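Structure first, then comments.
Letters are used for the chains, namely A, B and C, taken in the order the chains are written, and counting of residues starts over at 1 for each.
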Amino acid sequence: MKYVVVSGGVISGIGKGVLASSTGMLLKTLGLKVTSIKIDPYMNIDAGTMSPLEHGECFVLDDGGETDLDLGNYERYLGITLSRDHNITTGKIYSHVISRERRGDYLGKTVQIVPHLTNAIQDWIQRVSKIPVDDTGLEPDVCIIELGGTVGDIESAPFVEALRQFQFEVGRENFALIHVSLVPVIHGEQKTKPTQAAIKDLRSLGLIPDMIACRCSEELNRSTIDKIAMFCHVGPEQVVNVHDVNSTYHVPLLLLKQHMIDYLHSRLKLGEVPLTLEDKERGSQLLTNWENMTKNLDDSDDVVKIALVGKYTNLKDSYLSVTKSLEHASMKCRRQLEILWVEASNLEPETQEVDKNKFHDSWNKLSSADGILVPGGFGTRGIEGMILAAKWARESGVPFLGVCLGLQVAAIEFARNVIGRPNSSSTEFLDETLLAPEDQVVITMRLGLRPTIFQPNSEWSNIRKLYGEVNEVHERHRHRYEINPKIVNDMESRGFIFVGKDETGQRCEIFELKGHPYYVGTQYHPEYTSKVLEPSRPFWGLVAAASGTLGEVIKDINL
Amino acid sequence: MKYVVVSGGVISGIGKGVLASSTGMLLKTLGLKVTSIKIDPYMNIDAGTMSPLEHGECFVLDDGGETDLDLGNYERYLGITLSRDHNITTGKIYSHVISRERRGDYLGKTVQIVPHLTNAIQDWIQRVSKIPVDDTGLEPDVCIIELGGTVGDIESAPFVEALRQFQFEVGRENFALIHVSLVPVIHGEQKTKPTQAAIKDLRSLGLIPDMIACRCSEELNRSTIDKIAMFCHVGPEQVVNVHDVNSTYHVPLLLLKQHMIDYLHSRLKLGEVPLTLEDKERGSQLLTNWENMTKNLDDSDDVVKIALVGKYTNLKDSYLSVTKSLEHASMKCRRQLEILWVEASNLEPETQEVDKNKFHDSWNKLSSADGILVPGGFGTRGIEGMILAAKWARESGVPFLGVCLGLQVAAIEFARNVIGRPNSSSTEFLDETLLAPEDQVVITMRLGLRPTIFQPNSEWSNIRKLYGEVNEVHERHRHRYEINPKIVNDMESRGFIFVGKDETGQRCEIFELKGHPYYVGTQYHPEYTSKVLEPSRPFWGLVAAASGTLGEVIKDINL
Amino acid sequence: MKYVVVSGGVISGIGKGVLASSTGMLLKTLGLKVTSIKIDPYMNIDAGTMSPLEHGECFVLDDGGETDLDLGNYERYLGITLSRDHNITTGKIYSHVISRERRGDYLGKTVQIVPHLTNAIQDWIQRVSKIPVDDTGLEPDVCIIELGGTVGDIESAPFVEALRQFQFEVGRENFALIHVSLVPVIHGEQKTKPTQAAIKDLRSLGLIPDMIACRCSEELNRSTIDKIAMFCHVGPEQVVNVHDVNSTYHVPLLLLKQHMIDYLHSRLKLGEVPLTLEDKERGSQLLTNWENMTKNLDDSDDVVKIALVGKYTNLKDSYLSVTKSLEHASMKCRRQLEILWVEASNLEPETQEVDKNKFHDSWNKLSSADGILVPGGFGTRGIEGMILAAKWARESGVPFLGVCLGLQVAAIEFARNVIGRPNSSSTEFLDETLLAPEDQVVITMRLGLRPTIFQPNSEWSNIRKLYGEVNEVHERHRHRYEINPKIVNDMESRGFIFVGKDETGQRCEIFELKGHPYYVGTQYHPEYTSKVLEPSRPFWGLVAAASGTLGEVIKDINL
């Protein structure tokens, strides 16, 4: 079990996620069974009790664990599934030993943070990194660790001590540390001194960097490479840069041109770790696939505007897996995405009493859209606005995808306008109204992986064709409220077919609407299962409908 | 003797000189007899043995001491003259105690950096800060100290220890520390953490900041003011910012609007320090004069292009007192300066054999110039180029000022073209030629203040009118070579009058040429004696000739 | 050129000199041509301008350089001669680059402590360590460096940075660092935490210890070895202890039983450094000689009391080379030394007017003495007291040795009592008296190595027999005043033969007195040339006379 620990920096908010994930992807092109751990110095146990106003999406694993946003970046780049234990936090590990303490398992000793926490942190990393994360049951070869926070922090203190001991308990030639660092440029001069003071506080804590990765407003001068390397000892070929470039998917290609694989292959002796010719052939495949899809990102110019309809769209972090999944679809289509960020709070005509500009700006964006998407956040405040976007797409042929709250507002729109019961509602919005047509009932949330089965009369359905005509699908959920099962037989008689259901038949999970080019929704979140090199099928469909060639996409999938 | 010590930062190259000088100017508007010290952690004894390729101008005091560039900024803002002891350096203070040691003055003790250097540093600061620096013989009231380097540096180590002891040996309420700091902005967020880590290394060394001054790419958020103040303890009204604004002369006005006088008046009890009504009236005069001249800088738009002819003009730092003195002239004229940086190495027709573009670009700039200036650096390599600019100005009515090497190349041009001896030369360039017309002889440099006397037939001369028709002038020199005294009587018979001379008559120090609008030179450097609120008379003349109204300038001076 | 750098600690005053010298002796038993450098963070240039009240003896090299006491410990253990450049100091290296600066040799650059001092320190160590120090002209193999002060000190700051760079400029496997550290024991528990905090400040400065040497009130617990090694990373076999034992000459044998040679032989690859079978045979000889002489120190019990007569004998550090040379003599004689510390300020009868006890206590000690020694410090205040000890030894058969001031007071005693001129005097005490019998004249000091030649009528003389009957001797001097050459022919006619002289015959350097068992003096200091395994001949004589068997010593020398 080799380790690469990404770490460091003078500002927490600099460059670790993009680098760690890119390191993991690069090491995956060696054919190594790479795995990945996040260390979050924050106290939260798991993400379900924290709102999207901080650290973005409430991301979900096959385990059903609401987890840190940064796990999603490892899944979507590495092509792996992570267990809820691959996110380590301050309150997780303190809750762990305090649970073990009240259980009596410390045999009456005084429990001291050294060695006790620094043993729990090491034992957790050594448990977790052996867990299988691939399509096959084999244990991993190399673990990337993102140390969140900065080295030299009250809260990352037990984690840096635990890593200091771990660097000896699993030796040199089996552990390597990469430190991300700021290199400010002021008056056009690349001032190294913050990445010298931050290496005093690094070496004080006994960790030793084998690579320095810079974030800077420029490429590094040969002078500032030497000025880092002579003070903060690494070779001249072990300082690397992650400068501003318009594509995050090119950061693996920068680091490979800076020879980072050739250094880590030497520094972790990776040629001695056993691999087959098939592993090495999958390794060169992962590289050449990533080069070809980035060549498509380079030479593509034919824009496709997707309108993404929701709340808090000024905090663009709130829809990160949506945004990345749309880009995975757009790259597979060889077409340049733009996302129009559309405020559902503005589409409502009530906006026109308060500010006309917001109304017409939102409808300008929606009118411009080659496809529409209601991806669903949390809370009720924008539901009328999303019904307007569900209407516009139905009455105007515009492609549509309703994820989670998107199913519920698309069925509420269909009930309000095509069944024609003007009172029909989301029970989470309007429980006090006690309707017959409640388009929502509570069934405290169905979370993580579940099997979805298609209803037999569906060989005509494009959405099941995008899933390859298979009988069953496995995807990740978040829903407390669901479609009302009594209303289904009415909606299907109007052509709003619920193409996918739970095996019990009481819970309805996919629709596709007859005669419309492409109008779909999913009760599961298809964002979370997207991979960069193999995109999520409802999102590939939406961008393919917005692009044209949806038939050719389906034909190619059917081969 | 109160002290304000400017200090600090995470990068040496951030903001101390602009802030320290502005603090000193502001405290001068209280009517306090402000003085100023530079601490340079570099080893050089004094600047005469370091070339302009590093830290710029070889600046000169009334003492004749070649000293750090940063002394010039205190002189030109504060309106004071500094002794060569107001620049403290590592090799000055180590050479001082080692001189005292070999003299036997430590009574056979083992000389240890604590306390011995840290006593010498404190004794030097307490000697120096009492030295009179004004138009009157009174001792100073407040000393600004610029600690050069950063707190937390191998070489600023004895200086921070010496200040740590000094903060107790002259107490709180008589010493205050201002720390300059970086506040990076990354992804549009003002990341405080470098100004937290750098305050651990500050407080470790026992110093305590009473003000934090930021350099940042923006104004400070109210959030980042509170985030500094809660970690690095100062009040919310004691964090201040020195953001990018197009004028350095506005930095005193920023700091006054941020109430920095109201804090230092309280924190150094400055209301108890004895002052007269006349001192307070001079105090409000210094403020209102600085506001009115900056109002002129604000509402002025009529450009005046000065071509400054020399070498190494890509290192624009090399002519700093020239540049600032031209701006002191331009502000007094209410006219917006541009300096055309003109390469003498390009004006030469030999350039046209190597690159035509450089030639025509240099002559384009020179042709555009409302006035020309040969300010004189060091070494011979551009002398032919400067003779071409001395010719162009003479044959084309363009105003001219030849400082030091400017006199020598203007007299060499006059000898070559108006006397018409084509071989006449600078002996420093062409000593091997052994001419009769050597326009240069060695007289190892006449340095610092000397008296200049005007030749009696000079009531017609504009340059003596700009000096107020007085018999004598006191200015600062640097010259090893001078005009040949035997050639003078010939040049004067042609109308190149040497309007100013040494009292011995063998050394010729000013010329003015008959019939030309304004063609002058000075063997002394007039840059070094310029003040911001009272500009240097040859430079006020050059910008007044380039502007027009030179007669009105002379009339106003003659009142 | 391998390096071993001794360093470190939480208190400056702990254990470095005893360890460094013992390391050097041990590595000398490999047959390596070991050399040695002292780094003194104090500012003094050289020791002649510091008095014995601090850091003890004003020790002297063959170069004639008055140097730090600690050089003497390397000479007397390693059997080598050091140049005055093998002592590096803060004011030496700052005076060096400032000399190079005023000479112009930095080509006009701004001289900055990094890299400039940190290059001078590295260049000095690389010049110095190649200087031949043996009986043969070959360059050294391994350099011991004692870093004086502690790592983490304002004044040792350029030296720790210079070593940090040097550890890379001469790599790992060619440099190794040993850190001395305190391990306090409190309430009977060996508290490691000072040797953890001091290793944060070590690793912060980028140095990395390969050995930890402890000073502690006990042997180290196996628990505190593991508690150091797990925090301050070294193996369990790389923590070593230098506990209190009654003999400093056993510290090499402790460190060899703790396998320190076996670690440094591996860690510096010393088996690859080229040596002959003769070098290895001299290596095992140095070990077995040191074991046999320490076996003599172990089984010896027959006391020999030497009375050492002087000033400031409460600062026992003031006579260190005397004390060590007497022990080198005593070990060669297989006899247990005691030194009676005798106050010359008390032997004087004037003491009996102020305190009778001091008088009778001093004469009790002097009466008890098996031999007397006037070794000579500095200043005149005790000269009458030393004349009393010169008298007592002459009139009572007690063996005597007068070094430097000892010759002068023994000749002053002889002139006062055996020639019988009661006024005869030291001119340094009584210059105003203008005598005919001035027993002292100025000839500003004859320093370092000089040739001494024996007067031809000397085959009877025991002192020349102890020097092996050779015509000439080479020894180290310090004298400003000397014997008056006109008085010599009178003293010799009375049997006070000046057995040794300068080749010019005007300067008289050794005496031996007829008929007395052993009454000698030397104008040179024989202390400074003493080796542990080959003792200084006048001191071997004094302890042999005090022991008996002086004839057998002479017989054994004459083989």
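General remarks:
Here, contacts are C-beta pairs under 8 Å (C-beta built on N, C-alpha and C of every residue); 3 or more make two chains touch, one makes a residue touch a chain.
Ranking all chains by how far their C-alpha centres lie from the centre of subunit C, first place goes to A. With centres computed from Cα atoms alone, the innermost chain of the structure is B.
If you tally contacting C-beta pairs for each pair of chains, B-C comes out on top.
One simple way to say how far apart two chains are is to compare their mean CA positions; for subunit B and subunit C this gives 56 Å.
Separating the centre of subunit A from that of subunit C, both taken as means of CA atoms, is a distance of 72 Å. Taken residue by residue, subunit A touches two or more other chains at 201, whereas all remaining positions touch fewer. The touching residues of subunit A, counted against subunit B in their complex, run 10-14, 150, 152, 182, 184, 186-187, 189, 191, 193-194, 197-198, 201, 215. Interface of subunit C with subunit B (complex): residues 41-45, 49-51, 53-55, 90-91, 94-95, 97-98, 101-102, 104, 106-114, 116-117, 154-155, 157-158, 161.
Touching subunit C in their complex are the following residues of subunit A: 165, 168, 200-201, 203-206, 230, 233.
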